[PDB]
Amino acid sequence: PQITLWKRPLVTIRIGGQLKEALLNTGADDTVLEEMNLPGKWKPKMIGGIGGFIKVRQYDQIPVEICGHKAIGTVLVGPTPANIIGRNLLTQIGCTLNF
């Protein structure tokens, strides 16, 4: 699709059989979802937040369907204001910025 930016670019994703709304975020290196339980091993990780580093859980090689487009990659889980799809998965689905 083509998504304009007059409103937040929120889309439906599917992850672990669950549907969630998430924000397509070109200003995010990584994908960060709100607290939820995910598959298997995870690595404690720190990501640089406002005012300092925030603790997240890092899950590698997780399938995520974004508007029906398949990605498989790293998903962080932690205290985010919104489910955020970052560039690590936007690139997988062929997402570009255009003007």
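Counting begins at 1, following the sequence as shown.
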Of 41 to 49 and 28 to 36, the one with larger mean CA B-factor: 41 to 49
B-factor third for the C-alpha atom of residue 3 within its chain: highest
Within-chain third of residue 82 by Cα B-factor, per the entry: highest
Chain thirds of CA B-factor: placement of residue 68: highest
